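Worksheet for the structure shown next.
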Amino acid sequence: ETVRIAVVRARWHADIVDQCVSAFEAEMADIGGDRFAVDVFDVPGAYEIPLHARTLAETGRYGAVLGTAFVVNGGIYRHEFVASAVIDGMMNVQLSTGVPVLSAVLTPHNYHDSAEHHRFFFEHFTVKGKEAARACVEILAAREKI
Amino acid sequence: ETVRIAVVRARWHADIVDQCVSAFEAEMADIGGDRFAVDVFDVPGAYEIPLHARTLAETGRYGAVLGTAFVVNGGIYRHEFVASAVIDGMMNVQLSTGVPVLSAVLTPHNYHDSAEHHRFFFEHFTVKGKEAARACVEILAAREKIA
Amino acid sequence: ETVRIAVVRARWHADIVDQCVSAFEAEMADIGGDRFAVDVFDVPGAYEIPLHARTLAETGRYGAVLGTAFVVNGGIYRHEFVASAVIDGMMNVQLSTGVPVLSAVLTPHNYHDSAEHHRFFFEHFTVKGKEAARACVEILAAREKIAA
Amino acid sequence: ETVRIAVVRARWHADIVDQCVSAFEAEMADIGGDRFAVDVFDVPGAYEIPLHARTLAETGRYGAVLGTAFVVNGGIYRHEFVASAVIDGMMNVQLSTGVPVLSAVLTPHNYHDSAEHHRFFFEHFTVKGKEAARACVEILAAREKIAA
Amino acid sequence: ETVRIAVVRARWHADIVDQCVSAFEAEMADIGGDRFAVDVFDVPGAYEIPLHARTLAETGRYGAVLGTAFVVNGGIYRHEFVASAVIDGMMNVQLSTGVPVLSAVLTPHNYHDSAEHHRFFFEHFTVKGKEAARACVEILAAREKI
Amino acid sequence: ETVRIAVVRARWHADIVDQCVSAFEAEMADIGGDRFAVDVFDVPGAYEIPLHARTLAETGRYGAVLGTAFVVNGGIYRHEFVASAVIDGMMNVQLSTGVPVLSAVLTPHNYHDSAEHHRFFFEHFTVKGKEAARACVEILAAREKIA
Amino acid sequence: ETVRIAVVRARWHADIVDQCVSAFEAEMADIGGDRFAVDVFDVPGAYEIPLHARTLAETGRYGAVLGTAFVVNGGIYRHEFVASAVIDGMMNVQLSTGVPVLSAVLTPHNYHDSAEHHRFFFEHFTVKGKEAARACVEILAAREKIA
Amino acid sequence: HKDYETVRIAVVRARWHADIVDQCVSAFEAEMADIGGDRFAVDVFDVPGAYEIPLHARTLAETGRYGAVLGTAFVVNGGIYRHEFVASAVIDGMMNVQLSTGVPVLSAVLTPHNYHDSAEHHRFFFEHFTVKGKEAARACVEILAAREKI
Amino acid sequence: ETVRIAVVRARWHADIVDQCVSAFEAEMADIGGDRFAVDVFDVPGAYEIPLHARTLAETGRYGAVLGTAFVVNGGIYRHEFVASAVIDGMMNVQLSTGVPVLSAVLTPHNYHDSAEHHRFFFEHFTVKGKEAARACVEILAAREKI
Amino acid sequence: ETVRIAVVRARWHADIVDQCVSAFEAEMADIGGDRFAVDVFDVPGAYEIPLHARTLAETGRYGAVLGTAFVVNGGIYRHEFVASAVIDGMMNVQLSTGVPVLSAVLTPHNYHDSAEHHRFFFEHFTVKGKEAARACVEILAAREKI
Ligand SMILES: O=c1[nH]c(NC[C@H](O)[C@H](O)[C@H](O)CO)c([N+](=O)[O-])c(=O)[nH]1
Ligand SMILES: O=c1[nH]c(NC[C@H](O)[C@H](O)[C@H](O)CO)c([N+](=O)[O-])c(=O)[nH]1
Ligand SMILES: O=c1[nH]c(NC[C@H](O)[C@H](O)[C@H](O)CO)c([N+](=O)[O-])c(=O)[nH]1
Ligand SMILES: O=c1[nH]c(NC[C@H](O)[C@H](O)[C@H](O)CO)c([N+](=O)[O-])c(=O)[nH]1
Ligand SMILES: O=c1[nH]c(NC[C@H](O)[C@H](O)[C@H](O)CO)c([N+](=O)[O-])c(=O)[nH]1
Ligand SMILES: O=c1[nH]c(NC[C@H](O)[C@H](O)[C@H](O)CO)c([N+](=O)[O-])c(=O)[nH]1
Ligand SMILES: O=c1[nH]c(NC[C@H](O)[C@H](O)[C@H](O)CO)c([N+](=O)[O-])c(=O)[nH]1
Ligand SMILES: O=c1[nH]c(NC[C@H](O)[C@H](O)[C@H](O)CO)c([N+](=O)[O-])c(=O)[nH]1
Ligand SMILES: O=c1[nH]c(NC[C@H](O)[C@H](O)[C@H](O)CO)c([N+](=O)[O-])c(=O)[nH]1
Ligand SMILES: O=c1[nH]c(NC[C@H](O)[C@H](O)[C@H](O)CO)c([N+](=O)[O-])c(=O)[nH]1
C-alpha cells in the first residue's frame, strides 16, 4: 500500500527550511517502491502550520504529517508565544485526529541571520530533515506493532 | 471569488495598532485582485480578541480573521499571561471553527512609551500589517490547494 | 431591558481588589448605569475564579463576567503557575460559554506588601477598575454590532 | 446533610505534605463541625493528582476535591513542566466535572533538603492547610448563593 | 488476573532511557510478582509518546502506560517547547482515556554529553525506573479504593 | 561648629533626583540644625559622580559627600555597567580619600516614562533623600567614636 | 595579651542583624573567654561598612574585623550593586591593610518582611553569628601558624 | 591664567560598526562647536575595538594636552560570543583611568538590548547615535564647567 | 631545587574539598616528586582564601599558591557575591605579589545537599585536583621559559 | 627595529585556541611581514593569562600581548567568574604596564563538545585570529599618532 505523508512548511526563512524539506523528501522518496509519497504544502508562517495539518489530516489521505519551520528571535518581537502555540498545536491536532504529526519546527538559542549563523542552520536543517524522515518511517512502523 | 476578512483590532495603543490595520487593508487591496472585502471590529484589549474572533468565525460570513494588538510589558504588571492566553486562544479558535485566524498580536522585547519606541513601532507596524496581508492571501489560497 | 454583569472577586489582598470593584461599579454606573446592573460574588482566591465564572455564566442571567484578583509573588512559593491557570481558565470559560469574561486578574513585577507598595496598588486598582468598566461596556456594545 | 471533601495528597515529601493535610482536617472540623467530612486518598506524586481528582469528583460523592503536593526543584531535573501540567490539570478537571478543586500543590522558590529548609516548610504547610479549609468552606458557601 | 503495563520509550539518548526501562521491568516484576506483565514500545522521540500512549491506551489491554525519554538542551535548539507539550500531552491523554499515564520524561538542568553527565544520568535513570515502578503499582492500587 | 556636606547630583531625571536632594537638605536641617551645611553641585549624569566626588573630598572641605542619580533601563541600552561602575566608583573614592561617600544612586527594577512610573519615583525619592540624610549624620557621628 | 575583634554592624533590619551580633559575641566568649574581646560599632547601612572596617583596621588595635548586615531586594530598587560593592570592598580593605575581614553581610534570595520571613532570618542569623565566631578564631590561629 | 585659552577634547572612537559610531562622532563635534565654539577643539583618534579605548584614553589623558576624553563604541551581542565581559571591562576601565589620571573620561560606549544587524536595527541606531553624540557634547562642556566651580 | 606549593583550602564542605586536595597531592607527586612539595593550610571558608594566599605568597617560600573551595548556592543566600570576590581576589593577589595563584574555587550550577549531588562532587573533585596539579606544574615551567 | 608581539594562549580546547593563534600569525606576517615578530607562550588555563601577560609585558621586549582562550560553560560549574576576572585582568594589566593587551579570550553562548559545536568554533576562531591581527597592527600604529 502507498502511504501518503504531508509536509507543511512555513515560508519564513524558506532558504533554511527548504534544506530540511528536501532532505526529508529524499529519505522518504529515495526508499522508493511507491512505499511512501510526499506532498508538500506551503504555509506563510509557523503559526499557520497546526490548522493546515489538521485539515490535511482530516482528509484521511495521509498516514502522517510533518510540520516544519524555523521560528527565531529577530531582536524586536518575542517569538516564544508563537513557538509555544505551534508545538502545542501540532500535539493537539495529532491527539485529535489520531494522525501522527512530526515536528521539524525549530527555535534556536541564537540567530542573527549573520553570514555564519545562516550558513550553520542552513546545513543543520538537512540533518534534521533526515532525522525527521527516519523518525516518520519508525513511528508508522511502530504502530503496526500495536 | 469574493472573500470576506474580518479584522479584530484592540484599542490599546490604537495609534500603533491602526498602522498595521491600514497597512493590512492596503496590501490586501494590491495583492488581492479585488477579491477581498474587509470589515474591521473594535475590541477593548487583546484579551478580547479570541472570543470576538470566534463569534465572527461562527457567522460563517468570513474566510479568515486577523487579530491584531500590541501587548507590551508596561513595567507594572506582567504581560506574558495575557499574551500567551491570547495567542493560545486564537490557535484554539481556528482549530475548533476551522476558520484561519492570523496573528498580528505583537509583544516586543522593549517598549517604554518614549518618543523613540512609540515612533519606531508606529512605523514598523506598517511592515507587519503588510506581512499579515500576504499571510492572509497565502494561507487562504494554500487551502484551495487541499482537495 | 437590563443587562447584568457578574464580578468574581478574590478575597486575597481584598483591600486592593475592592478598589478595583468599587471603581468598576462607579464607572459602570457613570458611563452606562441605567442600562446595566452589577452583582458581586466572593471567592477565596484567584484559583477559584474560572469555575465560579463558568457557573455564573451558565445561568444565562449575565451578559458578561469580570474576573478580578491580585496574584503576587510572596517570596516563598511561586505564583506563575496559578496566575497562568486563572488567565487561561477565564479564556477557557468564555470560549465554551460564549459569555464574555473580562480580566482584572493582575500580577505585579514586584509586590512586597510594604506601605509604599501597598499604597501604590491600592490606588492603581481603582484605575484598572475604571478601565474594566469601559472595556465591559465596549465589548458588549461591540458584540451588538456583529450580524450574528 | 453532611458534605464530603476529597483530599488527594501526594506521597513525595510526605512528611511535609501531611502537615497541610493534618491542618486542613483540623480547621475543617474547627469551622464546620458535622457539616463536613474528610476522606484522604494517597497518590504517588503530584502528577497523579489530576486524574485521581477527576475520578473522585465523578463519583458524585464529593462536594469538592483538595489537591495537595510539594513540587520542589531537586536540583537535577526541571520541575516546571510537572508543576504546570498539574495546576492546569486540576483546573481542567474542575471545569469539566463542575466540582471545585482547590490547590494546595505548592512549589517553593527554594528547597535544598537542608534541615532548615525542611523545618520551615514542615511548619508553613500547616498555615496553608488552615487556609485551604477556609477556602474550601467558603467556595462551597459561595456557590450556594448562585441561583443556578 | 493479570494487569498489563505499557511502556513508551523514546529512542533519543536510548542508551540512557533504557536503564530506566530495564530498572522498571526489574522493579515491577519484583514488587508485583506474577500480578503484572510489561510491554515495551519504541518511539523515535519524546514528541511521539503522547499519541502512542493514547493509541495503546485505547486498546483496553493496559491498566497504565509509562512514557520515558530524556529531553535535553543540546546547545543548538530550545527544548522546552517539546518538553512542555509531552508532559501536557500525557496529562491530556490520561484525562481523556481514563488510563493512568505515569511520567518518566525527564529534563535535566544541564546535559552536555560529557563523560560526567552521561554517566550520572545513565546511572540515575535506574533510580527513576524503580520509582516509576512503585508509582505504577501504587496508583493502580489507590484507584481500586474508589 | 558647622560641618560641610557636598552633594553631587546627576541631571538625568533631574526632576526626580531633586526631590531626593531637597529632602536630603530638609532632613539634614531637621535633625542636624545649623550643625550641617549643604553645598550642591551639578554633574551631567551618574557616570561623572565618582570623580567629582573625589575631587570634592580632596579639598578636605567636606565632612562627607553624597552622590545621587537615577540610573535606569530606558529600554534601548543596557544600564548595568554604568550603574555598577558608579557604585563601585564611589566605594573606590571613599576608601582611598578616607572621606565617607553616601549613595543615593538608585536603579529601579522598572521605570518606563509613563505617568505612573514618573509619579511613583518622583514621590519616593524624597524618602531616599531622608534616609541618606540620616545615614550621613549617623556615619559621621560614629566615625567620631573611633578613637 | 587580649585580642580584640571589631564588629561593624549595619542598622537596616537591625532586628535580624543584632541576632548575628549577639550569637557572635556568645560563641566568641564560649570558645575563647579572656583571650578575645569584642567591640561593636554602629553604621547606617551596609555601604558604610567597608570604610569603617578600614578605619578601624588601620588603628592596629584589632586582630580582625566582622562586618555584618542584611541586604535585601525590597522590590523597588536593585540591591545587587550595593551588595557587590560591599562584599568586594571588604576584600579590598583586608588585602590593602592585612587585617582579616570576615563577612556576615548576607543577601537572601527572598525577603518580604512578612511575618514568616522575618522569623526565618531572625533565627538563622543566630546560626550565622556562631559560624562567624568560629571562622574568626580559626583564621587568626591559621595565620598564627605562618612564618 | 584667565580664560582666553582653548580646551582640547580627545575622542577615542572604536571601529567596529564604524558606520553607527561615526554618527555619534560628527554630532558630537557639531554640538561641541555649536555651544563651545573656539573655546574647545576636538581631536579624533581611531581604535580597533571598544576594548582598546581605556588604554588609549589613558595615554592621551596623561600627555596633559586634553581637558577631557570621550570614549565611544558600539558593543553588541552578535549571537555567538558573550559581549558582557568586554563591555563591563571597557566601562570599568575608563572609570579606572579617569580616577587614576584625574582627567574626565566621558562614556559613549553603548550596548543595546537587541542588535541583529538588520535594516531597521541598523537604521534605528544609525539615527539614534546622533542623539547620543549631542548628549555627549553637552555633558562634556557641562562637566568641565562644573569642575571650574569647585 | 625543590619548589614549594601552598594550598589554601576552605573547611566548608571540607569533605568534598579535601578530595581535590588529596588528588592534587598525589598527581603532584605522580608528576613532580622530589621537584615540588605541598603544604596545606586550612581556612574557614572561601572568602578567607585571598588574604591567606597573599600572606603566604609574601613569605617568599612558595613558587605557587593553590586556592580551593566549594562555593555553592545554599537555597537561602546568594553566593555569587562571595564567589566573584574570591576569584577576583586571587587574581588581584597574583598580579601584585607576582606569585601565581591557581583556582580550585568551584561553583556548581546546582548543588542541593542530597546523596546524589554530594556523591557527584565528592567524586568529580579529584578530577579537578589532578587538573590543578598539571596546571601548577605547567605554569611554573612556562614561566621559566620567559 | 622589529616589533615583537607576545601571544599567551591557554591549553584548554587547545585544538580550537590554536586556530586563532595560527590564523593570527599568518595574518600578522601577511599585513606587514618582517616588521613584526610573534612569540607564542603556553599557559594551562585562561585564568593564568593575566599574570603571564604582565610578566611578559614588564620586560619591555614586546610592543603588545595577545591573550587567547576558549572559556565555556561545561554544564557543571559556572564559568562567569573566571571569564570576568580574566577579561578585567588583562585590562588591569595593560593599564598598569602601559603595554597594549588585546583580547581573544572568547566565551560562547553554547558549546557542548559535539561534532557540530567543535566544528563551528574551530573554523570561526580563524576569523577571530585575523581580526586580532588587524587590531594589533592598527592599535600600535594608532599609538604612534600621539
Ligand atoms: O515560521 C515562522 N513564522 C513567523 N511569523 C509568525 C506566524 O508564523 C504567522 O506567519 C502570522 O503571525 C499570523 O498568521 C516567525 N516570527 O514571527 O518570528 C518565525 O520565526 N517563523
Ligand atoms: O491589547 C492590549 N490590551 C491590554 N489590556 C489587557 C486585556 O486586553 C483587556 O483589555 C482587560 O484586561 C480585561 O478583559 C494590555 N495591557 O494591559 O498591557 C496591552 O498591552 N495590549
Ligand atoms: O509530588 C511530587 N512528585 C514528583 N514526581 C513527579 C510525578 O508526580 C510522579 O510521581 C511520576 O513522575 C510518574 O508519573 C517530584 N519530583 O520528581 O521532583 C516532586 O518534587 N513532588
Ligand atoms: O488571589 C490570590 N490567591 C492566592 N492563592 C491561590 C488560589 O487562589 C487559592 O486561594 C488556593 O490555592 C486553593 O484553591 C495567592 N497566593 O497564593 O499567593 C495570591 O497572591 N492571590
Ligand atoms: O526524546 C527526545 N527527543 C527529541 N526530539 C524531538 C521529538 O521527540 C521528535 O523526535 C521529532 O521532533 C519530530 O517529531 C529531543 N531534542 O530534540 O532535543 C530530546 O532531547 N529528547
Ligand atoms: O545618571 C544617569 N545617567 C545616564 N547617562 C550615563 C552617564 O551618566 C553620563 O551622562 C554620559 O554617559 C558620559 O559621561 C543614564 N542613561 O543613559 O540612561 C541614566 O539613567 N542615569
Ligand atoms: O543594610 C542595608 N542597607 C541598604 N541601604 C544601602 C546603603 O547601605 C546605605 O545605607 C545608603 O545607601 C547611603 O550610604 C539596603 N537597601 O537599600 O536595600 C539594604 O537592604 N540593607
Ligand atoms: O567595539 C567593539 N569591539 C568588539 N571587539 C572586542 C574588542 O573591542 C577588540 O577589538 C579585540 O577583542 C582585541 O582586543 C565587539 N565585539 O566583539 O562584539 C563590539 O561589538 N564592539
Ligand atoms: O567556602 C565556602 N564558604 C562559605 N561561607 C562564606 C565565607 O567563605 C566565610 O567562611 C565567612 O563568611 C566569614 O567571612 C559558603 N556559603 O556560605 O555558602 C560556601 O559555599 N563555601
Ligand atoms: O581556558 C579555560 N580554562 C578553564 N579552566 C579554568 C582555569 O583556566 C585554570 O585551568 C585552573 O582553574 C587553575 O587556575 C575552563 N573551564 O574550566 O571550563 C575553560 O573553558 N577555559
Side-chain angles (χ1 to χ4, degrees), chain B residues 9-13 17 43-49 68-74 76-77 79 82-83 85-86 105 107 111, chain C residues 66-68 90 100-106 128 131-132 134-136 138-139, chain H residues 13-17 21 47-53 72-78 80-81 83 86-87 90 109 111 115, chain I residues 66-67 90 100-106 128 131-132 134-136 138-139, chain J residues 10-13 17 43-49 66-67 69-74 76-77 79 82-83 86 90 100-107 111 128 131-132 134-136 138-139:
Chain B
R9 63 170 184 193
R11 302 289 60 203
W12 272 69
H13 307 294
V17 178
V43 137
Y47 200 68
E48 285 66 72
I49 292 181
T68 179
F70 195 22
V71 183
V72 306
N73 176 7
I76 299 185
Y77 303 109
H79 63 305
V82 172
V86 183
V105 179
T107 295
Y111 187 83
Chain C
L66 165 65
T68 172
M90 289 188 294
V101 188
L102 292 88
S103 173
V105 185
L106 292 16
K128 307 301 298 184
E131 285 182 3
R134 295 194 190 65
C136 184
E138 271 143 43
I139 189 61
Chain H
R13 69 175 178 192
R15 297 290 66 196
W16 273 67
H17 307 292
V21 176
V47 155
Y51 201 68
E52 282 72 65
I53 294 172
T72 186
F74 193 38
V75 188
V76 308
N77 177 296
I80 305 173
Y81 306 106
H83 61 309
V86 173
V90 172
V109 179
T111 293
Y115 190 70
Chain I
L66 180 57
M90 288 179 300
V101 166
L102 293 74
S103 185
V105 172
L106 301 313
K128 310 308 291 207
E131 289 180 358
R134 314 196 198 77
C136 181
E138 283 167 45
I139 195 58
Chain J
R11 298 292 65 195
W12 273 67
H13 307 273
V17 175
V43 132
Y47 196 63
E48 278 67 67
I49 302 182
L66 165 62
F70 196 37
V71 179
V72 306
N73 164 32
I76 295 181
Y77 305 101
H79 69 297
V82 158
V86 171
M90 296 182 284
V101 182
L102 295 105
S103 173
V105 179
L106 294 326
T107 284
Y111 184 65
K128 310 302 289 187
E131 281 181 355
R134 299 194 190 71
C136 183
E138 287 159 48
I139 183 66

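Atoms considered below: every heavy atom in the structure, side chains included; atoms not considered: hydrogens, waters and symmetry mates. Lettering follows sequence order; numbering is per chain, from 1. Every number for a ligand or one of its atoms is a count from 1 in the order of the listing.
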- line: side-chain hydrogen bond (donor to acceptor under 3.5 Å, both in side chains) filter on H:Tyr81, not counting sequence neighbours, yields J:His124
task: Walk me through it: do H:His83 and H:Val76 pass the test side chain to side chain contact (heavy atoms under 4.5 Å, CB included)?
output: CA-CA 6 Å; H:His83 61 309; H:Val76 308; 5.6 Å; no
field: Spatial distance of atom NZ (I:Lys128) from atom CD1 (J:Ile76) [nearest 0.5 Å]
entry: 7.0 Å
- prompt: Taking atom CG of C:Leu66 and atom OG of C:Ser103, what is their separation to the nearest 0.5 Å?
  reply: 8.0 Å
task: Report yes if the side chains of B:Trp12 and C:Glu131 come closer than 4.5 Å at any heavy-atom pair, otherwise no.
output: yes
message: If the criterion is any heavy atom closer than 4.0 Å to an atom of ligand 2, which residues make the list?
response: B:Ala10, B:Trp12, B:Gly45, B:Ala46, B:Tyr47, B:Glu48, B:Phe70, B:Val71, B:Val72, C:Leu102, C:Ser103
query: Do side-chain atoms of H:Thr111 reach the backbone of H:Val75 as a donor and acceptor pair under 3.5 angstrom?
result: yes
